[PDB]
């Protein structure tokens, strides 16, 4: 009851910087988003990423850390071990820069020391399309496929494709149908491709089938934000997946709040209630009978979905939220509890 689960995927963000490593507190400093339904000439400003004012409603136990600090990465991997989460699902933005390449290598190396695996979460990078996706899948498999920490399920890499609906099924078919013009099927670069189920079944069922995804996930930590992130739909989504040979990987999270960076987005807040929100969502995933679960998130601090330890903090600029009345590592240990319950059902 302590071993890592390799059907549990925790969404991980590698975009943080520190003075120690990067020379800048990247992402801890963040622009504030204008209200999309507000007026013109909004000047919302920026969170400066100082000790006192960071781009989160919570405050990390590890402080304003760098994602490129090997000592932080060690600690993160120990946290994954505590949580029993065997797969780190790494955000990937196609930055095409030496710092990205360095960081990915460091993350893989750190993960392997703890027998954690790494897969990629392919984000909506500029001009993303099925041809450059193929090229990037080839690149990532070529670069990292022989690293011992690179994840495979029954011999195949796995990719989560965020906002897959931004690409038409007629394009996806070219990449993902066995007869597709630029198919990866039956090639050295074949992979499990997990698309994002957002809206109602009348839209999503034909999308997933016609695009030839291997499965689907839901991402959002906030219950009811989409049809897919409404857990009362999960039993029927799983039934459909099973009938159609698809892998359903529902996403569970401990809460949501992003109002430091999106002050206008308060309707999406989901309160943690000392763990009860996380418990309800994880229980529903398990009860749906799925074979894999994803966790939003390890460390999306901007969106308040993180399970990474947070500490009480009041500064002159902001009174942060915290996990009280639970301890800083509560969400790691509660994840381990749920991983056990999930395994009991597998």
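Residue numbers count along the first chain shown, from 1.
*Asks:* Should the higher mean CA B-factor in the entry be assigned to 279-287 or to 297-305?
*Replies:* Going by the record's values, the stretch with the higher mean is 279-287.
*Asks:* Of the two stretches 239-247 and 113-121, which shows the higher Cα B-factor on average in the entry?
*Replies:* Going by the record's values, the stretch with the higher mean is 239-247.
*Asks:* So among 99, 129, 164, 85, who wins on Cα B-factor in the entry?
*Replies:* Among 99, 129, 164, 85, the PDB entry lists the largest C-alpha B-factor for 99.
*Asks:* Determine which member of 229, 91, 200, 259 has the highest CA B-factor, using the values in the deposited entry.
*Replies:* Most elevated C-alpha B-factor of the set, per the entry: 200.
*Asks:* Looking at the temperature factor on the CA atom of residue 205, which third of the chain's modelled residues does it land in?
*Replies:* For residue 205, whose C-alpha B-factor we compare with every modelled residue in the chain, the answer is the highest third.
*Asks:* Once the chain's modelled residues are ordered by C-alpha B factor and cut into thirds, is residue 217 in the lowest, middle or highest one?
*Replies:* Bottom third by C-alpha B-factor.
*Asks:* Looking at the entry's B-factor column for C-alpha atoms only, identify whether residue 134 ranks in the lowest, middle or highest third of its chain.
*Replies:* For residue 134, the deposited C-alpha B-factor lands in the lowest third.
*Asks:* Going by the CA temperature factor in the PDB record, which third of the chain does residue 24 belong to: lowest, middle or highest?
*Replies:* Highest third - that is where residue 24 ends up once the chain's C-alpha B-factors are sorted.
*Asks:* Can you work out whether the C-alpha temperature factor of residue 264 puts it in the lowest, middle or highest third of the chain?
*Replies:* According to the entry, residue 264 has a C-alpha B-factor in the chain's highest third.
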